[PDB]
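Heads up, the chain below is alone and in the form deposited without its partner chain; it's given as structure tokens.
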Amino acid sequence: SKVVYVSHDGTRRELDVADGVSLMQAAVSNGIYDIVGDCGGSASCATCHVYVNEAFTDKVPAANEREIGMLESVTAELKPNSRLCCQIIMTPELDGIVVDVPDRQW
């Protein structure tokens, strides 16, 4: 399924992501290193921060307790559509989802 990661400078990086793969996994395995994923994907670091496009936020399961807590530590500006992408698992229903990657993660 289609996923587009927009870098801070506007560059679009499009990937075909399989079901069950997190957006953090797809990003780091494809060189989209503006997403770090330091903790390994267990919502414990906040370095996979992305801004989910407004037309897709309600299609993604809401943040769990752990993610809400970690989001309090994002380094880039927290926005209403901020999510830790290791928490977004790809499904056909999310086909075409666009996420904007902030300029910093650490």
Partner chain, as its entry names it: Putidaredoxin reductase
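Numbering follows the first chain given and starts at 1.
The discussion below concerns the form solved in complex with its partner chain, not included here.
Although the partner is absent here, residue 66 sits close enough that one of its heavy atoms falls within 4.5 Å of its partner chain in the bound PDB entry. At the 4.5 Å threshold, heavy atoms of residue 72 reach its partner chain in the bound PDB entry. When contacts are judged by a 4.5 Å heavy atom cut-off, residue 45 counts as touching its partner chain in the bound PDB entry. Using a 4.5 angstroms threshold between heavy atoms, residue 39 counts as touching its partner chain in the bound PDB entry.
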